[PDB]
Every structure is written in C-alpha cells, then in structure tokens.
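Next up: just one chain, as structure tokens, the form deposited in one PDB entry.
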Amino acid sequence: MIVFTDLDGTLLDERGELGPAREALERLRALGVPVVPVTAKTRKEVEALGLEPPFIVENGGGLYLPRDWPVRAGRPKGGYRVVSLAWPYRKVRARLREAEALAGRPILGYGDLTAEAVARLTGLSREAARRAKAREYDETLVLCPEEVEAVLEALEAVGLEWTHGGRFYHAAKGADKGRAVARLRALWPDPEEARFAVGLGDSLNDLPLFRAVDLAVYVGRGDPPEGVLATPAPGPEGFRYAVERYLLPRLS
C-alpha cells in the first residue's frame, strides 16, 4: 500500500503546518506505509516543510525522486533526480500572454506580483511567499470571480489547461496529479507495495488523483465527487479518521 496525499487543506492545517496530522503520519510511518505528498506547492515550499522525496510538486508538473532511487529516471539535481511531466513555467507564462490578448483583459499570476503582494494575497510571510513564487511548471492565477469564465475559455483557446486548488485557479500544460501518480507507481521499486494506492484530497485538482488510485478519500468541505468515500470532518481530522477507520483495517 502507498498513500498519496494532498497538502493544503488535507494534511496541513489552516496556517500551513503539519502539526495536527502528525500522529496519523506517525502510525503510517511505523507500519512502514509510504506516504507521498502530491501538491500544488513548489519544490521550495515542500522542502521548507522538511519533507523528503519522493514527492510530486505543482499539480503533477514535477516528480522528485531520491538521488539513489533504485529505478533510473529523470535528471540529477545534486540530491535529487527530477522527472518533468509538464511544460516549463517560462513556456506557460508566454502562452498566458497570448491568452490575455484574446481575453482583452489582464491575466495576472504570481509571476506578475511582488513577494510582498503574494504575501498579502495568501496570508503567507514574505519568505514563504518567495518560495511560492519559485515555480517551475504551473502558474497560480489571481482572477476576479466575474471574469473567470472568460479567462478560462481564453486559456483553453491557446492550448493551456486549468484547474483549481482551493482558493486560486492554476494554468499549466501536462500537469495532472493522476499522471504523476501513475508514473511514480510505475517507477516504484517494489511492485507489490505499489499495487494498492490510496488517495486523499480536498479540491478540484485532486479529481485526477482520485481516478489514479484504488481507494479515494475526500476530506474537503463540499460533498464528495461521484462515488468517492468521505469523512465526518474535513482536513487533517479527516485524514486521521481515514487512516484509523479505512486504512488500518486493510493493513491487519
């Protein structure tokens, strides 16, 4: 069994700390059950949380492995090997300019904004904001609700894909949480262990995750996606409940 989990609003509390899901992760770690973050966050944000690879960043844009992963794949980055699944940020940013032309209205994302500005929009510290700005694949859009339909049509018109992560829309090309999970499972050095995948998530960007795994659990505040298991409380209390009530039984 492998557990793939979203970070923001699933394994992380409202501020951005792992605290409340610590004992839940403890149990899995003690049972030797691999837990893999699959998140909209950047590699720099993930690293600051102290998390080790493997993990998947930027909505499936990038898969980061340990340098000594027994299956050779991706390119060296000192301590990592990186598998790129999506277009690079620079290319998305260029295609967004074309979209803005079509929409006839500015389309701003993090790349347009100062760290100070990002920090005010997101409630992050200035330093955390600099890390959220260090994007390699996916752009976070800052859109007015009234213009969303127009902007999203302009994205698709120029060949970009969009998704929504809880508070912000994102644009990318080839970044899908499900595709990245599928790749990692195929690169897993123990086929048996990767036979059964569990996926936990809370927003739109997690739908492709729920299709890529064998047991899907929704911990968001809405009602669950079609035929997906749900929990009594959202968030980390949801994560804890799922581990104790859905997973452990299957591991005994």
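Between two forms, the rigid core is defined as the largest C-alpha subset superposing within 1.5 Å. When you see a residue number, it is the position in the sequence shown, counting from 1.
The deposited model assigns a higher average Cα B-factor to 68-76 than to the other stretch when 166-174 and 68-76 are compared.
Relative to its counterpart among 138-146 and 85-93, 138-146 has the higher mean temperature factor, C-alpha atoms as listed in the PDB entry. In this PDB entry, the Cα temperature factor of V3 sits in the bottom third of its chain's modelled residues, the lowest group. Among all modelled residues in this chain, the alpha-carbon of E58 has a temperature factor (C-alpha) in the lowest third. Among the modelled residues of its chain, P106 has a C-alpha B-factor that falls in the middle third according to the deposited record.
Ranked by C-alpha B-factor against the other modelled residues of its chain, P224 falls in the highest third.
Placement of the Cα temperature factor of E45 within the chain: lowest third of the modelled residues, per the deposited record.
The same protein has a further form, the form deposited in another entry, not shown here; the description that follows concerns it.
Summarising the superposition on the core between the shown form and the other one, the listed residues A182, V148, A128, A73 contain exactly one with a Cα shift of 2 Å or larger, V148. With a cut-off of 2 Å and the rigid core superposed, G166 has a Cα displacement that reaches or exceeds the cut-off between the shown form and the other one. Relative to the superposed rigid core, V83 undergoes a CA displacement smaller than 2 Å between the shown form and the other one.
With the core held fixed, the Cα of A115 is displaced between the shown form and the other one by less than 2 Å.
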